[PDB]
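Down below is the structure, laid out as structure tokens.
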DNA sequence: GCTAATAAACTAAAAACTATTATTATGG
DNA sequence: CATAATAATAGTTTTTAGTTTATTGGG
């Protein structure tokens, strides 16, 4: 799927660019669905989770009364989904802005992570963006610098700094 | 290898710890409490495999295991907790100081030998393995030994005893920071960090142990015992713990398969895997699926040596790791591996191998880039020599891209953006950014665990600035922007 | 046992350290038979607001319950009986309580 | 002109280190 | 076919590969 994002530098440079998935660990969509051996029916297979308290009779408790907790030091702090959602925050929109440039010698493969090779093309039917991107590519080729960008897939995706 | 690290806090409480100290700001007690609170927070966010304690010398109402005079123990050796944070913050600021005076007082006689006695007792108290022990002591006294020299001699003897035991103590200027005016007496046998401790950098975990001690099998005969060492891991928030709304009780989650046909329960043995293809319902066994995932035994079967030209930046996979020889069940591996590593200038041709990290998993071919010994003049070995575990993508790992072609652009725009990016230069630092989400989550935890009114929102360097790079570059970014009809709609 | 009326009614005792310690307030509520719960719930009649906190801010944001100061609780305990709702212990309240006050108060 | 290949958890993760208990090869 | 024994087995925790939520997607 195309990822048309406004490549922002400073406050004026706004380039429309669409990103695409090029190299990635291919995953099979089909997975072994579970059926009963003597009928081969997934309709008679009920996968469910039972929640019970640490009780002598292990009294069952509902799903609505669950509450998230986190091992905070020598204690656990309870959070709710709405609470943990409102306390967290992230940048919104397609955040793809260059934070500067540095020498390619500073960065080395021994500090590489992730598994996405996100090839970036120009916009569609906009040759001005294409020529600007080509000129920028050649400029980076001449100066042998590297581009540092704070990339976010969307508003919902967690921000990810990278090169 | 496991082991708990211990740091004990000792502070004066007689007369000079609650004073202006040639200033108009708060007493040394207040920001000493702030500093120890900061280190508590940093330790809590860093690791829970460590213990901390607080003791005050100079005491009107003694409370300790051995019941000496002028010795009060507040919190013993234990993992830091929220109740510890509340207990500490109860005695912060001027209100905390006066509460402390009300419940504790001030103005007793120090007894350094007794302090060493009680701290050694505290170390003896813990039943866990002590990987490392450390004592810090901050006071305004550069030489509190105008009293009897017998006390000084006994303190020196006890210091020698704890040094023999392995205990180390730390003291640094508080009354007159800077000038080397501190430790007039302690400089003998005891050897600014205020900002470092007060910086309370957190959201950093610590490695405990390596993993995956595997064999480098160059053939079917010879093998080399090595251990794959991680260097980067995608950190994330600790998993949520399911709790009861009413009682905050841990929930014994219990998931199982079931059948509505009869109401009974199915064992994991009689539930068979199934697949759908074409016109047949393919049925498989769980053990059969596991065998399908199985290809061969774990190991590193050397495949050859490929020149360091096939590797390309655009060809990348899951993160590369580090390899170090580990002579535990095969000897001679370390020497041979070291001989291979030093011979890397001629061995620019990278080694080729197929990698099977664990059992019953398909192997991936992985090249081995010889890592170098980047020793520093400060005697710091950053990234010791070894091999990079660069994963080689398969044929199916590449997604086809449109074949749209573009021809070379004009060089004048190239030059103008060359100047633009040259002026707008950013000195890249590897350790200069933290994930905003995780650190924000930590801020929420440290906030919504005390009686904190509102959370602190730590400012991250990840967020791009609005005009700082613009002024660092000037208005030439728009002045040079001569593109006709910008793609802006 | 003090007031069996407050029994069968769940009170969200989630901040009892406003001035008095929380356990004392919890024990007194138990003496009135109220159900002590550390988190809000649909069956919880009201939420006791002690120290103002981020969780209190969430409860205000989550228009699900009522943010009651201990003053109403203090009046109920001093009189050993129910005290009518005076809209001065309230901070954020459910629309049902809004309609109730609009019925018994003008604006 | 109503069926997305997304990626937050899905779900329960083949892991060693540092700590103790059952076998013996042997005194008898 | 016994008993001052003895050890080579186990057992707790780190970290990857499994699957659900959710958003661009027509005859």
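For A:26-37, what's the mean count of beta carbons from other chains sitting within 10 Å of each residue's beta carbon?
Mean inter-chain Cβ contacts per residue within 10 Å come to 5.
Taking chain A as the reference, fit the longest principal axis to its C-alpha atoms, fit the long axis of helix A:127-143 to the helix C-alpha atoms, and give the angle between the two in degrees, 0 to 90, nearest 10.
Around 80 degrees separate the two axes.
Gap in Å between the Cα centre of segment A:2-65 and the Cα centre of segment A:99-145?
32
Taking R0 as 22 Å, what FRET efficiency do you get between residue C:71 and residue B:249 from their Cβ-Cβ distance, rounded to the nearest 0.05?
E between residue C:71 and residue B:249, to the nearest 0.05, is 0.10.
Okay, which of segment B:454-489 sit inside 19 Å, backbone N to the point 7 Å along the Cα-Cβ direction of residue A:125?
Hits in segment B:454-489 for residue A:125 at 19 Å: B:485-489.
Dimensions of segment B:395-489 along principal axes (Cα, Å, largest first)?
So the three principal-axis extents are 62, 47, 33 Å.
For segment B:313-377, what number results from the quotient of the Cα radius of gyration and 2.2 N^0.38 Å?
The value comes to 1.32.
Residues of B:285-292, mean number of Cβ from any other protein chain within 10 Å of their own Cβ, rounded to a whole number?
Partner Cβ neighbours, averaged per residue: 1.
Work out the FRET efficiency for residue B:461 and residue A:64 from their Cβ-Cβ distance, taking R0 = 45 Å, and round it to the nearest 0.05.
Taking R0 as 45 Å, the efficiency between residue B:461 and residue A:64 is 0.65.
Compute log10 of I(q)/I(0) for chain B with the Debye formula, placing one identical point scatterer on every Cα and leaving out solvent, at q = 0.07, 0.09, 0.11 Å⁻¹, to two decimals.
-0.68, -1.01, -1.20
Given just the C-alpha atoms of segment C:1-101, how large is their convex hull per residue in cubic angstrom?
So the per-residue Cα hull volume is 91 Å³.
Using alpha-carbon positions, what is the distance between the centroids of segment B:316-375 and segment B:236-253, in Å?
42
Could you rank the peptides A:71-84, A:45-58, C:94-107 by their average count of other C-beta atoms within 10 Å per residue, with the highest value first?
The peptides rank, most packed first, as A:71-84, A:45-58, C:94-107.
Among DSSP beta bridges lying fully in chain B, give the percent that are antiparallel, nearest 5.
65
Within 10 Å of each Cβ in A:109-121, how many Cβ atoms from other chains are there, averaged over the peptide?
Mean shielding count: 6.
Determine by what factor the alpha-carbon radius of gyration of segment B:94-145 differs from 2.2 N^0.38 Å, reporting the quotient.
In units of the 2.2 N^0.38 Å rule of thumb, it is 1.52.
Compute the semi-axes of the equivalent ellipsoid of segment B:1-129, taking the square root of 5 times each eigenvalue of the Cα gyration tensor, and list them largest first in whole Å.
Working from the Cα gyration tensor, I get semi-axes of 25, 19, 12 Å.
Quote the FRET efficiency, to the nearest 0.05, computed for residue A:144 versus residue A:34 with a Förster distance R0 of 45 Å and r equal to the Cβ-Cβ distance.
Values: r = 54 Å, r/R0 = 1.21.
It comes out at approximately 0.25.
Give the span of segment B:234-296's Cα atoms along each principal axis, as three whole-Å numbers ordered largest to smallest.
52, 43, 23
May I ask for the Rg/Rh ratio of segment B:329-462, computed from Cα atoms with Rh as the Kirkwood radius, given to two decimals? Walk me through the numbers on the way to the answer.
Numbers: Rg = 24.3 Å, Rh = 21.8 Å.
Answer for segment B:329-462: 1.11.
More than 15 Å apart: what percent of Cα pairs in segment A:41-107 qualify? Don't skip to the answer; put the middle values down first.
Details: 1730 of 2211 pairs.
That fraction is 78 percent.
In nm, give the distance between the simple-model label positions of residue B:342 and residue B:24, each being 7 Å from the Cα along the Cα-to-Cβ direction.
Each label point is offset 7 Å from its Cα along the Cβ direction, giving 6.5 nm.
Taking the Cα centroid of segment B:437-451 and of segment C:21-93, what is the distance between the two, rounded to the nearest whole Å?
Between the Cα centre of segment B:437-451 and that of segment C:21-93, the gap is 25 Å.
Could you pull out which residues in segment A:8-27 have an amide N less than 14 Å from a spot 7 Å beyond the Cα of residue B:472, following the Cα-Cβ vector?
Only A:9-11 fall inside the zone, counting backbone N under 14 Å.
Computed on alpha carbon atoms, what radius of gyration and Dmax characterise chain A, expressed in Å?
My reading of the Cα-based Rg and Dmax gives 24.4, 74 Å.
Which of rounded, prolate, oblate describes segment B:361-408, given a ≥ b ≥ c as roots of the alpha-carbon gyration tensor eigenvalues and a/c under 1.5 marking rounded, otherwise prolate only if a/b is larger than b/c?
Cα axes put segment B:361-408 in the oblate bin.
Rg to Rh ratio, the protein assembly as shown, alpha-carbon atoms and Kirkwood radius?
Numbers: Rg = 32.9 Å, Rh = 32.6 Å.
Ratio value, two decimals: 1.01.
If each DSSP helix of 4+ residues adds -39,500 (n - 2.57) and the sum is divided by the residues in chain B, what number results at 222 nm, nearest 500 deg cm²/dmol?
Result for chain B, helices only: -8000 deg cm²/dmol.
At 222 nm, what value in deg cm²/dmol follows for chain A if DSSP H runs of at least 4 each add -39500 (n - 2.57) and the sum is divided by all its residues, to the nearest 500?
Working: 2 runs with 24 residues, N = 163.
After summing the helix terms and dividing by the residues of chain A, the value is -4500 deg cm²/dmol.
Please provide three numbers in whole Å: the alpha-carbon extents of segment B:242-363 along the principal axes, with the largest listed first.
Largest to smallest, the principal-axis extents are 71, 53, 36 Å.
Cβ coordinates were reconstructed from backbone atoms using ideal geometry, including for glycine residues, and neighbour counts include every protein chain displayed. Read the figures in this text as sums done on the coordinates, not as results from a lab.
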